[PDB]
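See below for coords.txt, which holds compact mmCIF, C-alpha atoms.
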```txt
# COMPACT_ATOMS: atom_id res chain seq x y z
CA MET M 1 12.29 -15.18 2.02
CA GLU M 2 11.93 -15.54 5.81
CA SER M 3 8.23 -16.42 5.51
CA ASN M 4 5.79 -16.88 2.60
CA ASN M 5 2.22 -18.05 3.29
CA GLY M 6 -0.76 -16.72 1.30
CA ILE M 7 -3.36 -17.84 -1.27
CA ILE M 8 -3.92 -17.14 -4.99
CA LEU M 9 -7.26 -15.47 -5.77
CA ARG M 10 -8.69 -12.79 -8.09
CA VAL M 11 -8.82 -9.07 -7.24
CA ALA M 12 -12.44 -7.90 -6.88
CA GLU M 13 -13.88 -4.35 -7.02
CA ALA M 14 -17.21 -2.58 -7.65
CA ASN M 15 -18.86 0.86 -7.29
CA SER M 16 -18.89 1.89 -3.61
CA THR M 17 -17.32 4.31 -1.10
CA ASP M 18 -13.83 5.69 -1.83
CA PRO M 19 -12.31 4.24 1.36
CA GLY M 20 -11.54 0.51 1.75
CA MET M 21 -8.03 0.77 0.29
CA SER M 22 -6.70 -0.74 3.53
CA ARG M 23 -9.30 -3.42 4.34
CA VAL M 24 -9.68 -6.86 2.73
CA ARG M 25 -13.10 -8.51 2.91
CA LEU M 26 -12.75 -12.29 2.68
CA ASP M 27 -14.54 -15.41 3.95
CA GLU M 28 -13.79 -17.69 6.90
CA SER M 29 -11.97 -20.23 4.73
CA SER M 30 -9.92 -17.66 2.79
CA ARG M 31 -8.78 -16.13 6.09
CA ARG M 32 -8.80 -19.30 8.23
CA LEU M 33 -7.16 -21.55 5.62
CA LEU M 34 -3.78 -20.30 6.88
CA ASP M 35 -4.11 -18.55 10.25
CA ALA M 36 -5.30 -14.97 9.55
CA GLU M 37 -7.70 -14.08 12.36
CA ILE M 38 -10.02 -11.08 12.60
CA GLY M 39 -7.93 -7.90 12.41
CA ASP M 40 -4.61 -9.55 11.43
CA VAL M 41 -2.30 -7.94 8.85
CA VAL M 42 -2.36 -9.30 5.28
CA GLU M 43 0.15 -8.67 2.48
CA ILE M 44 -0.84 -8.77 -1.21
CA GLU M 45 1.26 -9.40 -4.34
CA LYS M 46 -0.17 -9.47 -7.90
CA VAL M 47 2.22 -7.31 -9.95
CA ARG M 48 4.03 -5.66 -7.04
CA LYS M 49 4.04 -6.05 -3.26
CA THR M 50 1.07 -4.60 -1.37
CA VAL M 51 -0.15 -4.43 2.24
CA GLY M 52 -3.63 -4.46 3.81
CA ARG M 53 -5.75 -5.74 6.72
CA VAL M 54 -8.20 -8.65 7.00
CA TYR M 55 -11.98 -8.12 7.16
CA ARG M 56 -15.12 -10.29 7.25
CA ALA M 57 -16.77 -10.67 3.81
CA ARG M 58 -20.45 -9.67 3.77
CA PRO M 59 -21.15 -12.88 1.87
CA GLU M 60 -19.36 -15.53 3.94
CA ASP M 61 -19.46 -17.90 0.93
CA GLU M 62 -18.39 -15.99 -2.21
CA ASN M 63 -15.22 -14.68 -0.54
CA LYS M 64 -13.65 -18.16 -0.57
CA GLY M 65 -11.22 -17.08 -3.30
CA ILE M 66 -11.89 -13.41 -4.11
CA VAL M 67 -10.73 -10.20 -2.40
CA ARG M 68 -12.66 -6.93 -2.69
CA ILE M 69 -10.38 -3.87 -2.73
CA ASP M 70 -10.67 -0.21 -3.74
CA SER M 71 -9.21 1.12 -7.02
CA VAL M 72 -6.27 2.52 -5.02
CA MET M 73 -5.21 -0.91 -3.71
CA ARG M 74 -5.50 -2.23 -7.28
CA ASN M 75 -3.48 0.81 -8.40
CA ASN M 76 -0.83 0.04 -5.75
CA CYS M 77 0.20 -3.23 -7.45
CA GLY M 78 -1.02 -2.67 -11.05
CA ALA M 79 -3.58 -5.48 -11.50
CA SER M 80 -7.04 -5.50 -13.13
CA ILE M 81 -10.30 -6.82 -11.68
CA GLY M 82 -10.39 -10.62 -11.56
CA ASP M 83 -6.60 -10.81 -12.07
CA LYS M 84 -4.59 -13.26 -9.94
CA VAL M 85 -2.79 -11.94 -6.83
CA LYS M 86 -1.19 -13.79 -3.90
CA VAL M 87 -2.16 -12.54 -0.42
CA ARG M 88 0.05 -13.72 2.46
CA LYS M 89 -0.75 -13.23 6.15
CA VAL M 90 1.67 -11.07 8.15
CA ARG M 91 1.79 -8.77 11.20
CA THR M 92 2.38 -5.04 11.72
CA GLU M 93 5.13 -3.12 13.52
CA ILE M 94 6.31 0.50 13.84
CA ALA M 95 8.50 1.25 10.79
CA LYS M 96 11.65 3.05 12.00
CA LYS M 97 12.96 4.30 8.62
CA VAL M 98 11.15 4.42 5.25
CA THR M 99 12.18 6.02 1.92
CA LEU M 100 9.68 7.15 -0.75
CA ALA M 101 9.51 9.04 -4.07
CA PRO M 102 6.54 11.34 -4.62
CA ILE M 103 6.01 11.67 -8.40
CA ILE M 104 5.46 15.40 -9.00
CA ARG M 105 7.21 18.56 -10.19
CA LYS M 106 9.87 20.31 -8.08
CA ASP M 107 7.29 23.05 -7.55
CA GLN M 108 4.22 20.85 -6.88
CA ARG M 109 4.09 19.53 -3.29
CA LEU M 110 7.75 19.08 -2.30
CA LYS M 111 8.56 22.80 -2.12
CA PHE M 112 8.78 23.13 1.68
CA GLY M 113 12.21 22.09 2.98
CA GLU M 114 13.15 22.12 6.69
CA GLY M 115 10.92 19.44 8.26
CA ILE M 116 9.64 18.38 4.82
CA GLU M 117 10.82 14.83 5.58
CA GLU M 118 8.84 15.02 8.85
CA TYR M 119 5.92 16.51 6.88
CA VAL M 120 5.69 13.21 5.00
CA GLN M 121 5.61 11.44 8.39
CA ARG M 122 3.02 13.97 9.62
CA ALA M 123 0.68 13.08 6.73
CA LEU M 124 1.57 9.36 6.46
CA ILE M 125 1.99 8.78 10.20
CA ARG M 126 0.15 5.73 11.65
CA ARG M 127 -0.06 4.09 8.20
CA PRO M 128 0.85 0.63 6.85
CA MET M 129 4.03 0.78 4.71
CA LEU M 130 5.58 -1.62 2.20
CA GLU M 131 8.64 -0.79 0.05
CA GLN M 132 7.69 -0.41 -3.65
CA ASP M 133 4.08 0.30 -2.62
CA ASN M 134 2.23 3.40 -3.89
CA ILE M 135 -0.16 6.04 -2.53
CA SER M 136 -2.61 8.67 -3.84
CA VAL M 137 -2.82 12.47 -3.39
CA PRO M 138 -5.96 14.52 -2.65
CA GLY M 139 -6.97 14.93 -6.32
CA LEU M 140 -4.03 17.20 -7.23
CA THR M 141 -2.17 17.62 -10.55
CA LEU M 142 -1.21 20.09 -13.29
CA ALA M 143 -1.20 20.03 -17.12
CA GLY M 144 -1.64 16.68 -18.87
CA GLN M 145 0.90 15.00 -16.57
CA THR M 146 0.72 11.44 -15.20
CA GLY M 147 1.77 9.70 -11.97
CA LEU M 148 1.28 12.34 -9.24
CA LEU M 149 1.46 9.57 -6.60
CA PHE M 150 3.91 8.51 -3.87
CA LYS M 151 6.10 5.47 -4.63
CA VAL M 152 7.89 3.88 -1.65
CA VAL M 153 11.23 2.25 -2.51
CA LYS M 154 12.76 1.16 0.81
CA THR M 155 11.62 0.19 4.32
CA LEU M 156 13.45 -0.64 7.56
CA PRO M 157 11.06 -3.32 8.87
CA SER M 158 11.27 -6.87 7.46
CA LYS M 159 9.61 -5.76 4.19
CA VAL M 160 6.34 -6.59 5.94
CA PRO M 161 3.33 -4.35 6.45
CA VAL M 162 4.25 -1.84 9.18
CA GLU M 163 2.45 1.17 10.63
CA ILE M 164 4.22 4.54 10.55
CA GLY M 165 4.47 6.70 13.69
CA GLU M 166 5.76 10.20 14.50
CA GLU M 167 9.02 8.51 15.58
CA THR M 168 9.40 6.71 12.23
CA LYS M 169 12.22 8.14 10.10
CA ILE M 170 11.57 9.00 6.44
CA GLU M 171 13.72 9.58 3.35
CA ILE M 172 12.79 11.68 0.31
CA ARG M 173 14.62 11.24 -3.01
CA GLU M 174 15.73 14.32 -4.99
CA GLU M 175 14.70 12.79 -8.34
CA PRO M 176 10.91 13.04 -8.51
CA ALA M 177 9.02 12.62 -11.78
CA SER M 178 11.75 14.56 -13.61
CA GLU M 179 12.86 13.03 -16.94
CA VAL M 180 11.66 9.70 -15.52
CA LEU M 181 9.74 7.60 -18.07
CA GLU M 182 11.30 4.11 -17.90
CA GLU M 183 13.40 4.98 -20.97
CA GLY M 184 15.74 2.11 -19.99
CA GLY M 185 14.89 -1.45 -21.08
```

Let me see the file written as structure tokens.
Amino acid sequence: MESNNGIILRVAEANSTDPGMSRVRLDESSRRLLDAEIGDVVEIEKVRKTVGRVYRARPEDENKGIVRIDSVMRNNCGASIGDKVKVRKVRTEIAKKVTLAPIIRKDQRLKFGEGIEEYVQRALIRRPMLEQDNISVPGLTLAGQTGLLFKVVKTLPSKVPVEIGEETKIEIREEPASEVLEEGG
């Protein structure tokens, strides 16, 4: 635990545009209570670890203990509206090596090979990454299956929000959503 500074507030969310899964709207006190300035990098942790950026709340008075995020950011950690998550301020860097595990069938999206690891970088390039985070796919799926999302498991940075680049290295695991259902435990 090299550094741990954030606040405990409740995840917010309402009908709106699909984007906003990478921006946090908060108030001066929620962001200034620690040090977060405009456009600093913020990390979130309700059920899992999450990353995001700081934004100015429209209502500079209600956002003194609530964070408005998209359903995807809520899906990234696994919390419900009004839950309790801890958001800690951090900074961004260029991830040099990140591993992830797209949950699909061997014949869904990972049937390319040769440069497929770079293909993940090509799509995810210039993006904030956090081991154990999760991502969404352009509305794709098959029968009545579940998951169909990318789950990151390892990162090279200091486990802090980093932004991917074409030079970032990636790792893809050979055990996608095959026979995986948390049978253990």

Could you give me, as number ranges by chain, the residues within 12 Å of residue 120 in chain M, counting all atoms listed in the file and dropping anything in the same chain fewer than 3 positions from it?
M: 98-102, 109-110, 112-117, 123-127, 135, 137, 150, 152, 164-166, 168-172

Excluding residue 29 in chain M and any residue of its chain fewer than 6 positions from it, enumerate the residues within 10 Å of it, using only C-alpha atoms, and give them as a PyMOL selection string.
chain M and resi 35-36+60-61+63-65

Contact table range 63-174 of chain M vs range 40-43 of chain M, cut-off 6 Å, shortest pair per residue, only C-alpha atoms, as CSV:
```
residue,atom,partner,partner_atom,distance
M:87,CA,M:43,CA,5.4
M:88,CA,M:43,CA,5.1
M:89,CA,M:42,CA,4.3
M:90,CA,M:41,CA,5.1
M:91,CA,M:41,CA,4.8
```

For residue 66 in chain M, which residue among M:85, M:11, M:1, M:47 is the nearest when counting all atoms listed in the file?
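Of M:85, M:11, M:1, M:47, the one nearest residue 66 in chain M is M:11, counting all atoms listed in the file.
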
Could you jot down the CA of residue 177 in chain M to CA of residue 46 in chain M separation for me, Å, one decimal place?
24.2 Å

One decimal, in Å: what's the spacing between CA of residue 7 in chain M and CA of residue 76 in chain M?
18.6 Å

Which residue, M:72, M:148, M:24, M:140, has the smallest gap to residue 58 in chain M when you use only C-alpha atoms?
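Among the listed residues, M:24 lies closest to residue 58 in chain M.
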
Please return range 25-43 of chain M, rebuilt to N, CA and C atoms, as a compact mmCIF listing (two decimals), in the frame of the given file.
```
# COMPACT_ATOMS: atom_id res chain seq x y z
N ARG M 25 -11.93 -7.70 2.47
CA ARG M 25 -13.10 -8.51 2.91
C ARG M 25 -12.99 -9.91 2.32
N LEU M 26 -12.90 -10.89 3.17
CA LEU M 26 -12.75 -12.29 2.68
C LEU M 26 -13.65 -13.22 3.50
N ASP M 27 -13.63 -14.49 3.21
CA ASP M 27 -14.54 -15.41 3.95
C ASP M 27 -13.77 -16.20 5.00
N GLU M 28 -14.46 -16.99 5.77
CA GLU M 28 -13.79 -17.69 6.90
C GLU M 28 -12.69 -18.58 6.34
N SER M 29 -12.98 -19.28 5.29
CA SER M 29 -11.97 -20.23 4.73
C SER M 29 -10.79 -19.47 4.12
N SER M 30 -11.04 -18.42 3.39
CA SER M 30 -9.92 -17.66 2.79
C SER M 30 -9.00 -17.13 3.89
N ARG M 31 -9.59 -16.68 4.97
CA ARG M 31 -8.78 -16.13 6.09
C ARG M 31 -8.34 -17.24 7.05
N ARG M 32 -9.15 -18.24 7.24
CA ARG M 32 -8.80 -19.30 8.23
C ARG M 32 -7.98 -20.41 7.58
N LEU M 33 -7.91 -20.44 6.28
CA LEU M 33 -7.16 -21.55 5.62
C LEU M 33 -5.70 -21.53 6.09
N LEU M 34 -5.17 -20.37 6.36
CA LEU M 34 -3.78 -20.30 6.88
C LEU M 34 -3.79 -20.07 8.39
N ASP M 35 -4.10 -18.87 8.80
CA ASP M 35 -4.11 -18.55 10.25
C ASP M 35 -4.74 -17.17 10.46
N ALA M 36 -4.71 -16.34 9.45
CA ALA M 36 -5.30 -14.97 9.55
C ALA M 36 -6.53 -14.98 10.45
N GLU M 37 -6.50 -14.21 11.50
CA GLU M 37 -7.70 -14.08 12.36
C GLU M 37 -8.34 -12.72 12.12
N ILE M 38 -9.40 -12.42 12.79
CA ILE M 38 -10.02 -11.08 12.60
C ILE M 38 -9.01 -9.99 12.96
N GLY M 39 -8.78 -9.08 12.07
CA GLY M 39 -7.93 -7.90 12.41
C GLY M 39 -6.44 -8.27 12.38
N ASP M 40 -6.07 -9.29 11.64
CA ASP M 40 -4.61 -9.55 11.43
C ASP M 40 -4.12 -8.78 10.21
N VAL M 41 -2.83 -8.75 9.98
CA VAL M 41 -2.30 -7.94 8.85
C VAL M 41 -2.03 -8.83 7.64
N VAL M 42 -2.51 -8.43 6.49
CA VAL M 42 -2.36 -9.30 5.28
C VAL M 42 -1.53 -8.58 4.22
N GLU M 43 -0.67 -9.30 3.56
CA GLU M 43 0.15 -8.67 2.48
C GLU M 43 -0.32 -9.17 1.12
```
